[PDB]
Amino acid sequence: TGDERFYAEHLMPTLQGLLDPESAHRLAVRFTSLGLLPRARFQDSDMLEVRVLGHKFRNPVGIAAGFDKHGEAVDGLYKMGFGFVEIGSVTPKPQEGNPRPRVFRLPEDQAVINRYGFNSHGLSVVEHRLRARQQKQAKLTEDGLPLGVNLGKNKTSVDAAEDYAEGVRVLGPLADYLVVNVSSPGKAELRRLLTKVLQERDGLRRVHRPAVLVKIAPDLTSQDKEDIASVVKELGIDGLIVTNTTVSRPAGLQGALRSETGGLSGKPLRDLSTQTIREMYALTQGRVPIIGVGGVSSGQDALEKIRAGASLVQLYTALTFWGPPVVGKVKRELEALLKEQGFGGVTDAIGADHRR
Ligand SMILES: Cc1cc2nc3c(=O)[nH]c(=O)nc-3n(C[C@H](O)[C@H](O)[C@H](O)COP(=O)(O)O)c2cc1C
Ligand SMILES: CN(c1ccccc1)c1ccc2c(c1)CCC[C@H]2CNc1cnccc1C(=O)O
Ligand SMILES: O=C(O)c1cc(=O)[nH]c(=O)[nH]1
C-alpha cells in the first residue's frame, strides 16, 4: 500500500527523530484515543477468524500489553484493525513507575528496551474508564473484538497473590480475559498464587467471568517451563501468553543503548519467543491456548508463531517503527501465506509444525 511505504520510510522515522521514545509513546496513545488514524480498509476474511478462550476473534492480531497501560485508547486500537486489545499492566494502587529516562530505542536492531516499572493509574481509575464503555465493549466482543486486561502488582506489595486477587475482583467483571504476569522484567508458590486467582475468578457472576491466562518471560529455565506447564494443566488455567520482554541481550545487538537495564522487545526477541511457544505447546500437549508475542512485524512472523502453537498473536514494537499500517500489513501477508501453504484458515495452522 502507499500508506505502508510512506509511514515506514518517511512519517514514522521523522516522528521518532523528533521525539524521545516515552514522549513518542504518549503522543501515540493520545492520537489513538482520539481516533486520529489512517482508514483501515483491509476487511478481515473468514480465514482469519479464530474461536478460543470462549470467544470469537475476527482476526488473530492483537495489541500487546504496555501500549495502552491505563485503558485510554481501546476504541482507537480496534479502529486500527486489531482483532483484540489487551490493556495494562494495571496495579491495585496508582504508582509512578521508575525514574526517567526509562524507554530506549535500538533502531539498528528494530528493538526497544524499557524499564517503565509498572507506571499505572491504578485499578479504580481503569475500572471507571472501562465502565464508561462497558456496553460498547459487550457489542464489540459479540462482534468478534474481545478485550483483555493485564494485572500487575504494586512495588511495595507484601503479597503478590492479594494484588492479583484485587485485580480479578475489580477488572475481571469488565474483561474477556485476564492476564497474570509471572514475567515482568517454587512451583508451590506459583500454584498458591494461581489457585487464589482462579478462586477469585470463579467467584464472579457467570456473565462477568473471564478466562485467566499466565504471561511468561522468555528467560525461564527448562525447570521453570516444566513447572509452569504442570501447574497450568493441574489448575485448569485457560491459556498462556508467550512471551514478555527479555532481560537477555542476544549477541549481535548494534544499538548504542543495548546495555540499558530493562526488557528488550522487537526483532531480537522474535525467535526466542517462537521457541518458547513451541516448547510450551509441547509441554501442554497442545491443549492450552497460547497467545504468541515477540518481534512480530510480518505475516511470516505471525504464521511462524501460529505454526509453533499460537492460536493468536500480539505485537507492540513493530507499531513504533511502521505505524498503524503494520496491522493491515500483517493480516494481509498472513492470509496470503495461509493460502500459499494450503491452510483453510488460521485454525488449521495452529500447532501445524508439531504434526510434521
Ligand atoms: C514500552 C513497553 C512496555 C510494556 N509494558 C508491558 C506491561 O505493562 N505489561 C506486560 O505484560 N507487557 C508489557 N510489555 C511487553 C509486551 O506486551 C510484549 O510482551 C513484548 O514487548 C514483546 O512484543 P513486541 O516484540 O511485539 O513488542 C511492554 C513492552 C514495551 C515495548
Ligand atoms: C497511532 N500512530 C499514528 C501514526 C501516524 C499517524 C496517526 C497515528 C502512532 C503509532 C506509533 C507511534 C506514533 C504514532 C508516533 C510516535 C512513534 C510511535 C510510538 N513510539 C513508541 C511507542 N512506545 C514505545 C517506544 C516508542 C518509540 O518511538 O521508541
Ligand atoms: O511496566 C513495565 O515496566 C513492564 C512490564 C512488563 O511486563 N513488561 C515490560 O516490558 N515492561
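Laboratory data are not the source of any read-out in this text; all were calculated from the coordinates shown. Every residue, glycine among them, receives a Cβ derived from its backbone with ideal geometry; neighbour counts consider all protein chains shown.
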Handout entry: the chain - mean residue ellipticity at 222 nm from DSSP helices (-39,500 (n - 2.57) per run, n ≥ 4, rounded to 500)
Key = -12000 deg cm²/dmol
Practice task
Compute the distance in nm between two label points, each set 7 Å from the Cα along the Cα-to-Cβ direction, one at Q254 and one at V158.
Solution key: 5.1 nm
Exercise for the section: Answer with one residue from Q199, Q43, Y116: the one whose Cα lies farthest towards the positive end of the charge dipole of the chain, charges on Cβ with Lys, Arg +1 and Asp, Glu -1. Expected result: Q199
Exercise for the section: Evaluate the distance, in nm, between pseudo-label points positioned 7 Å from the Cα of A188 and of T261 along their respective Cα→Cβ axes. Expected result: 3.2 nm
Completion exercise
Out of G54, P185, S23 - ranked by how far each Cα lies towards the positive end of the dipole of the chain, with unit charges on the beta-carbon of charged residues - the top one is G54
Handout entry: Cross-link partners of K225 among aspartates and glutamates (Cα-Cα below 18 Å; sequence separation of 8 or more within a chain)
Key = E189, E234, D238, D271, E279
Fill in the blank from the handout: Out of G81, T284, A217 - ranked by how far each Cα lies towards the positive end of the dipole of the chain, with unit charges on the beta-carbon of charged residues - the top one is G81
Completion exercise
trypsin sites (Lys or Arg not before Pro) in region 187-268 lying in a DSSP loop, each with at most 16 other Cβ atoms within 10 Å of its Cβ, come to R205
Exercise for the section: Only loop residues by DSSP count here, and only those with at most 13 other Cβ atoms within 10 Å; note down the trypsin sites (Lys or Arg not before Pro) in region 1-63 that meet that. Expected result: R39, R41
Fill in the blank from the handout: extent check for region 151-286: Cα max minus min per principal axis, descending, whole Å, gives 51, 35, 28
Problem - 23 Å Cα-Cα reach of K155 towards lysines, excluding residues that sit fewer than 8 places from it in its own chain - result: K69, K93, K187, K196, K215
Problem - FRET E, pair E226, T1, Förster distance 51 Å, beta-carbon r, rounded to 0.05 - result: 0.70
Practice task
Might you report the magnitude of the Cβ-based charge dipole of the chain about its Cα centre, with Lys and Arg at +1 and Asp and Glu at -1, to the nearest 20 debye?
Solution key: 520 debye
Problem - Shape call, region 58-177: gyration tensor on alpha carbons, a/c limit 1.5 - result: oblate
Exercise for the section: For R131 and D46, compute 0.36 nm times the residue count separating them, minus their Cα-Cα distance, and round to one decimal in nm. Expected result: 27.5 nm
Practice task
Mind jotting down the distance between the C-alpha centroids of region 282-356 and region 49-108, whole Å?
Solution key: 17 Å
Exercise for the section: Give the order of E108, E200 when sorted by the count of other beta carbons within 10 angstrom, beginning with the fewest. Expected result: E108, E200
Problem - At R0 = 22 Å, FRET efficiency that the Cβ-Cβ distance of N98 and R287 yields, to 0.05 - result: 0.05
Exercise for the section: Indicate the gyration tensor shape class of region 279-321 (rounded, prolate or oblate), computed on the Cα atoms with a ≥ b ≥ c the square roots of the eigenvalues: a/c under 1.5 is rounded; otherwise a/b larger than b/c is prolate and the rest oblate. Expected result: prolate
Problem - Spread of Cα-to-Cα distances over 20 Å intervals beginning at zero, given as percent, for the chain - result: 32, 63, 5
Handout entry: region 72-124 shape via C-alpha gyration tensor axes, a/c threshold 1.5
Key = oblate
